[PDB]
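Novice: A single structure is presented below for examination.
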Amino acid sequence: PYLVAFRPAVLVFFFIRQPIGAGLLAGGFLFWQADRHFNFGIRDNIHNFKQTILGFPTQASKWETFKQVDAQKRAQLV
Amino acid sequence: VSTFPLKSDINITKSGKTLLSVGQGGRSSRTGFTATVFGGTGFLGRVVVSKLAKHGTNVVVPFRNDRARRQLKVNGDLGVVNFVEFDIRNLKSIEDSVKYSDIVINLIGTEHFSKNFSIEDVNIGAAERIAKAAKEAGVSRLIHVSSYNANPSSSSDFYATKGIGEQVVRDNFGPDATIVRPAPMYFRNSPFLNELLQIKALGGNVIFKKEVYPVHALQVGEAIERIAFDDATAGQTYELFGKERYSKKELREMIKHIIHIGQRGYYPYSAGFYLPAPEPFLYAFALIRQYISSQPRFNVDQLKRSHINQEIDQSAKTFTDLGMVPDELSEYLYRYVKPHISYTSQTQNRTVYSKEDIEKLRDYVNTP
Ligand SMILES: NC(=O)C1=CN([C@@H]2O[C@H](COP(=O)(O)OP(=O)(O)OC[C@H]3O[C@@H](n4cnc5c(N)ncnc54)[C@H](OP(=O)(O)O)[C@@H]3O)[C@@H](O)[C@H]2O)C=CC1
């Protein structure tokens with residue numbers, strides 16, 4: 001629980017000593033929080049790019065498999 | 001400094017008094033003179049008062065800050081330094097300071113304004129009042145210290161008031177009043193070098209482009225000593241400046257290497273050494289802190305002066321008219337920024353920048 005007590009102390013001293021390094025680090029931190037909160041989808045699309053290029057089953061890959069089974073099963077009944 | 005600041009042991013003031021000197025010039029000696037240094041608790045007054053009191057000249061130091069005046073007493077022997085509580089809005093206290101003095105030195109002047117005093121009150125109203133009070137008290141010599149770019153028709157409220165103050169001093173005290181125009185002065189705790197030695201200087205891309213001819217504060221204090229003790233300098237205007245011209249951008253970058261802040265490729269940029277800002281923001285921030293901050297910050301008028309460079313009045317007299325050679329900032333820059341060098345402390349080996357090394361560093365700074 002000690003980070004809750006120390007965080008105000010470390011953050012202000014971080015801005016005092018290195019205001020530009022702190023603003024850049026804090027600015028990038030807020031930007032990703034805006035991406036998650038406002039559903040910009042920038043971090044998700046990067047994740048979807050990494051999985052596609054590294055051979056992982058993507059979200060679209062798993063949904064394509066379902067659609068292939070769905071069309072296969074329907075014809076099996078019709 | 002020297003050992004005896006006078007050319008003789010007898011000096012007849014222009015008011016008619018004859019003042020004899022006793023002793024060889026130590027602390028126990030006397031010169032026979034009584035001087036009043038207005039603004040003696042300031043940056044330049046401590047230099048001037050120390051030089052007068054060390055040779056036995058009785059100095060009257062009118063003060064408004066009781067703590068700042070205490071260190072001045074150490075400069076002279078018993079009875080040499082005297083203090084008068086005063087205010088420029090009080091006339092009785094101003095007369096009491098000059099009642100016995102044969103020399104009056106006026107160092108009162110601000111580049112800012114506050115809730116109580118404007119730049120017109122101090123640079124004109126105080127200078128005029130002190131000059132007139134000096135004349136009614138029979139003071140033989142008056143010395144008024146204006147700025148380097150004094151001009152009655154200037155766009156800067158500081159340069160304008162300094163220029164007008166030169167006029168009003170002569171119009172009250174008479175044609176014999178002496179005027180000094182120092183350049184930016186560098187010394188320990190120098191206001192000129194302090195802004196260059198500060199790390200988080202906001203808007204330096206605008207402020208630090210002004211070019212000047214900085215002059216050693218010890219020489220300016222030495223020159224004033226020469227002027228007061230030589231009556232041939234009455235009615236004269238002196239421009240005290242260094243031989244070399246520097247821009248605050250050059251000195252700012254030269255200082256950075258001496259402080260070794262550039263030892264890390266990231267630290268100066270991370271620590272706020274460079275803080276570029278649009279001039280309208282520099283105007284608004286200076287304007288806002290003028291009615292919010294209680295301490296004198298970089299104000300609006302100093303922002304205007306950042307564009308105006310120092311112009312040497314060619315009709316005025318120089319150090320050579322006083323028989324003195326100006327000092328070179330290259331030979332003194334290191335020792336005055338030496339306190340600010342980060343690690344130093346005989347870690348492995350000090351980098352003592354000689355006069356030759358400082359000039360070599362200046363070229364490297366100017367190399368893109
Ligand atoms: N680089 C420089 O320093 C330059 C200096 N000058 C001029 O040289 C003179 C010496 O200034 P400096 O010593 O360098 O630095 P300061 O800013 O300390 O000079 C101001 C002096 O005058 C006093 N002063 C200012 N306003 C008032 C006031 N309303 N009432 C009473 N006293 C007042 C101050 O008293 P207190 O100490 O109690 O506050 C102080 O002693 C100044 O007039 C300045 O304009 C011009 C060009 C270059």
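As shown in the structure tokens, the chain order sets the letters A, B, ...; within each chain, residues go from 1, and ligands are also counted from 1 in the order they appear.
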Distance cut-off 7 Å, counting only C-alpha atoms - which residues of chain B neighbour chain A? Return them as a ChimeraX atom specification.
Specialist: /B:269-272
Novice: Could you write those residues out with N, CA, C and O atoms, as a PDB file, in the first residue's frame?
Specialist:
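See out.pdb below for the written result:
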ATOM      1  N   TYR B 269      18.291  18.925 -21.624  1.00  0.00           N
ATOM      2  CA  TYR B 269      16.980  19.036 -22.250  1.00  0.00           C
ATOM      3  C   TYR B 269      15.880  18.540 -21.325  1.00  0.00           C
ATOM      4  O   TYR B 269      14.760  19.059 -21.363  1.00  0.00           O
ATOM      5  N   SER B 270      16.181  17.548 -20.487  1.00  0.00           N
ATOM      6  CA  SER B 270      15.201  17.029 -19.541  1.00  0.00           C
ATOM      7  C   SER B 270      15.015  17.959 -18.348  1.00  0.00           C
ATOM      8  O   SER B 270      13.902  18.086 -17.827  1.00  0.00           O
ATOM      9  N   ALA B 271      16.084  18.620 -17.906  1.00  0.00           N
ATOM     10  CA  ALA B 271      16.042  19.433 -16.696  1.00  0.00           C
ATOM     11  C   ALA B 271      15.452  20.817 -16.919  1.00  0.00           C
ATOM     12  O   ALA B 271      15.287  21.563 -15.948  1.00  0.00           O
ATOM     13  N   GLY B 272      15.138  21.184 -18.156  1.00  0.00           N
ATOM     14  CA  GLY B 272      14.591  22.493 -18.430  1.00  0.00           C
ATOM     15  C   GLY B 272      15.605  23.565 -18.744  1.00  0.00           C
ATOM     16  O   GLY B 272      15.306  24.748 -18.556  1.00  0.00           O
TER      17      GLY B 272
END
Novice: Ligand 1: which residues are within 9 Å, counting only C-alpha atoms and all ligand atoms, as a VMD selection string?
Specialist: chain B and resid 38 to 47 62 to 66 68 to 69 86 to 89 106 to 113 116 to 119 121 to 123 126 144 to 149 158 162 180 to 186 190 to 193 214 to 215 217
Novice: Save the residues we just selected, C-alpha atoms, as a PDB file, in the first residue's frame?
Specialist:
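Contents of selection-v6.pdb, as written:
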ATOM      1  CA  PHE B  38      22.157  55.677  -1.252  1.00  0.00           C
ATOM      2  CA  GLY B  39      21.311  52.096  -2.092  1.00  0.00           C
ATOM      3  CA  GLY B  40      24.349  50.798  -0.217  1.00  0.00           C
ATOM      4  CA  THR B  41      22.627  47.556   0.773  1.00  0.00           C
ATOM      5  CA  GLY B  42      22.228  46.633  -2.902  1.00  0.00           C
ATOM      6  CA  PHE B  43      24.526  44.633  -5.140  1.00  0.00           C
ATOM      7  CA  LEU B  44      26.750  47.579  -6.074  1.00  0.00           C
ATOM      8  CA  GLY B  45      26.500  49.408  -2.748  1.00  0.00           C
ATOM      9  CA  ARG B  46      28.214  46.560  -0.921  1.00  0.00           C
ATOM     10  CA  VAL B  47      31.114  46.890  -3.365  1.00  0.00           C
ATOM     11  CA  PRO B  62      20.595  54.918   4.541  1.00  0.00           C
ATOM     12  CA  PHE B  63      18.712  51.633   4.722  1.00  0.00           C
ATOM     13  CA  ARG B  64      15.179  50.316   4.514  1.00  0.00           C
ATOM     14  CA  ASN B  65      16.073  46.677   5.288  1.00  0.00           C
ATOM     15  CA  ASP B  66      17.511  46.227   8.774  1.00  0.00           C
ATOM     16  CA  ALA B  68      20.759  43.661   4.867  1.00  0.00           C
ATOM     17  CA  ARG B  69      22.765  46.522   6.398  1.00  0.00           C
ATOM     18  CA  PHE B  86      15.097  56.174   5.648  1.00  0.00           C
ATOM     19  CA  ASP B  87      12.460  56.109   2.928  1.00  0.00           C
ATOM     20  CA  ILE B  88      12.356  57.949  -0.394  1.00  0.00           C
ATOM     21  CA  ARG B  89       8.831  59.050   0.547  1.00  0.00           C
ATOM     22  CA  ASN B 106      23.093  57.619  -5.673  1.00  0.00           C
ATOM     23  CA  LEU B 107      22.721  53.921  -6.494  1.00  0.00           C
ATOM     24  CA  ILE B 108      18.927  53.790  -6.086  1.00  0.00           C
ATOM     25  CA  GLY B 109      17.239  52.356  -9.167  1.00  0.00           C
ATOM     26  CA  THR B 110      14.931  49.512 -10.165  1.00  0.00           C
ATOM     27  CA  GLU B 111      13.986  47.766 -13.392  1.00  0.00           C
ATOM     28  CA  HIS B 112      10.624  46.733 -11.896  1.00  0.00           C
ATOM     29  CA  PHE B 113       7.632  48.415 -10.302  1.00  0.00           C
ATOM     30  CA  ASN B 116       4.242  51.043  -3.662  1.00  0.00           C
ATOM     31  CA  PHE B 117       6.777  52.408  -6.180  1.00  0.00           C
ATOM     32  CA  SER B 118       6.655  52.776  -9.947  1.00  0.00           C
ATOM     33  CA  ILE B 119       9.719  53.060 -12.163  1.00  0.00           C
ATOM     34  CA  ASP B 121       9.041  57.185  -8.572  1.00  0.00           C
ATOM     35  CA  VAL B 122      12.445  55.541  -8.136  1.00  0.00           C
ATOM     36  CA  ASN B 123      14.492  56.299 -11.245  1.00  0.00           C
ATOM     37  CA  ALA B 126      13.985  59.618  -5.870  1.00  0.00           C
ATOM     38  CA  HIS B 144      24.488  59.426  -9.976  1.00  0.00           C
ATOM     39  CA  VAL B 145      24.580  55.938 -11.499  1.00  0.00           C
ATOM     40  CA  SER B 146      22.231  55.498 -14.460  1.00  0.00           C
ATOM     41  CA  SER B 147      22.143  52.559 -16.889  1.00  0.00           C
ATOM     42  CA  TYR B 148      24.151  51.861 -20.044  1.00  0.00           C
ATOM     43  CA  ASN B 149      21.353  52.697 -22.521  1.00  0.00           C
ATOM     44  CA  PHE B 158      13.524  51.569 -17.735  1.00  0.00           C
ATOM     45  CA  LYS B 162      17.088  56.306 -16.494  1.00  0.00           C
ATOM     46  CA  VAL B 180      27.980  56.981 -14.450  1.00  0.00           C
ATOM     47  CA  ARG B 181      26.554  54.575 -17.054  1.00  0.00           C
ATOM     48  CA  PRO B 182      27.690  51.052 -16.147  1.00  0.00           C
ATOM     49  CA  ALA B 183      27.189  48.139 -18.498  1.00  0.00           C
ATOM     50  CA  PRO B 184      25.790  44.838 -17.184  1.00  0.00           C
ATOM     51  CA  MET B 185      27.979  44.042 -14.193  1.00  0.00           C
ATOM     52  CA  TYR B 186      29.363  40.579 -13.442  1.00  0.00           C
ATOM     53  CA  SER B 190      25.576  39.377  -9.982  1.00  0.00           C
ATOM     54  CA  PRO B 191      22.051  40.054 -11.308  1.00  0.00           C
ATOM     55  CA  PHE B 192      23.490  39.914 -14.832  1.00  0.00           C
ATOM     56  CA  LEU B 193      25.087  36.481 -14.428  1.00  0.00           C
ATOM     57  CA  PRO B 214      29.671  43.412 -19.637  1.00  0.00           C
ATOM     58  CA  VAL B 215      31.993  45.065 -17.126  1.00  0.00           C
ATOM     59  CA  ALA B 217      31.651  45.087 -10.830  1.00  0.00           C
TER      60      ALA B 217
END
Novice: Hey, can you check how far atom CA of residue B:291 sits from atom CA of residue B:200?
Specialist: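 Taking atom CA of residue B:291 as the start and atom CA of residue B:200 as the end point, the length is 21.4 Å.
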Novice: Taking 4 positions as the minimum chain separation for residues in the same chain, which residues sit within 12 Å of residue A:45 when counting only C-alpha atoms? Answer as a PyMOL selection string.
Specialist: chain A and resi 35-36+39-41+49-52+58-60
Novice: Please return, as a ChimeraX atom specification, all residues of stretch 28-185 of chain B that DSSP assigns to strand (DSSP E or B) on the basis of the backbone.
Specialist: /B:30,34-38,58-63,81-85,103-106,141-145,178-182,185
Novice: For the residues in the current selection, export C-alpha atoms as a compact mmCIF listing (two decimals), in the first residue's frame.
Specialist:
# COMPACT_ATOMS: atom_id res chain seq x y z
CA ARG B 30 41.16 58.13 7.68
CA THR B 34 32.28 61.75 4.71
CA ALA B 35 30.29 60.00 1.99
CA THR B 36 26.63 58.98 1.70
CA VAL B 37 25.86 55.93 -0.45
CA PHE B 38 22.16 55.68 -1.25
CA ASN B 58 33.10 57.76 6.84
CA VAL B 59 30.11 56.24 5.03
CA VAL B 60 26.48 57.06 5.81
CA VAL B 61 24.34 54.17 4.59
CA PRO B 62 20.59 54.92 4.54
CA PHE B 63 18.71 51.63 4.72
CA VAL B 81 30.03 53.13 8.87
CA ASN B 82 26.82 54.84 9.99
CA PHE B 83 23.21 53.85 9.34
CA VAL B 84 20.14 56.05 8.91
CA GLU B 85 16.69 54.49 8.64
CA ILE B 103 30.16 63.11 -1.31
CA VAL B 104 26.73 61.71 -2.16
CA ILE B 105 26.50 58.55 -4.26
CA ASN B 106 23.09 57.62 -5.67
CA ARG B 141 30.22 66.18 -5.16
CA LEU B 142 27.21 64.23 -6.42
CA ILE B 143 27.54 60.93 -8.27
CA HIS B 144 24.49 59.43 -9.98
CA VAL B 145 24.58 55.94 -11.50
CA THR B 178 28.67 63.40 -12.27
CA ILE B 179 26.84 60.60 -14.09
CA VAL B 180 27.98 56.98 -14.45
CA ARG B 181 26.55 54.58 -17.05
CA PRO B 182 27.69 51.05 -16.15
CA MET B 185 27.98 44.04 -14.19
Novice: When distances are computed from only C-alpha atoms, which of B:208, B:187, B:283, B:267 shows the smallest separation from residue B:249?
Specialist: B:208
Novice: So that I can check the surroundings of residue B:315, please list as a list in words every protein, DNA and RNA residue that reaches within 12 Å of it, counting only C-alpha atoms and ignoring chain neighbours fewer than 6 positions away.
Specialist: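 Using only C-alpha atoms, the neighbours found are residues 236, 237, 238 and 239 of chain B.
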Novice: As an MDAnalysis selection string, please: the residues near stretch 129-133 of chain B (cut-off 6 Å, only C-alpha atoms, same-chain neighbours under 6 positions excluded).
Specialist: chainID B and resid 95 169 172:173
Novice: What is the atom CA of residue B:77-atom CA of residue B:25 distance in Å, reported with one decimal?
Specialist: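 It comes out at 12.0 Å.
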Novice: Could you give me the residues within stretch 243-272 of chain B that DSSP places in helix (DSSP H, G or I), as JSON, numbers by chain?
Specialist: {"B": [248, 249, 250, 251, 252, 253, 254, 255, 256, 257, 258, 261, 262, 263, 267, 268, 269, 270, 271]}
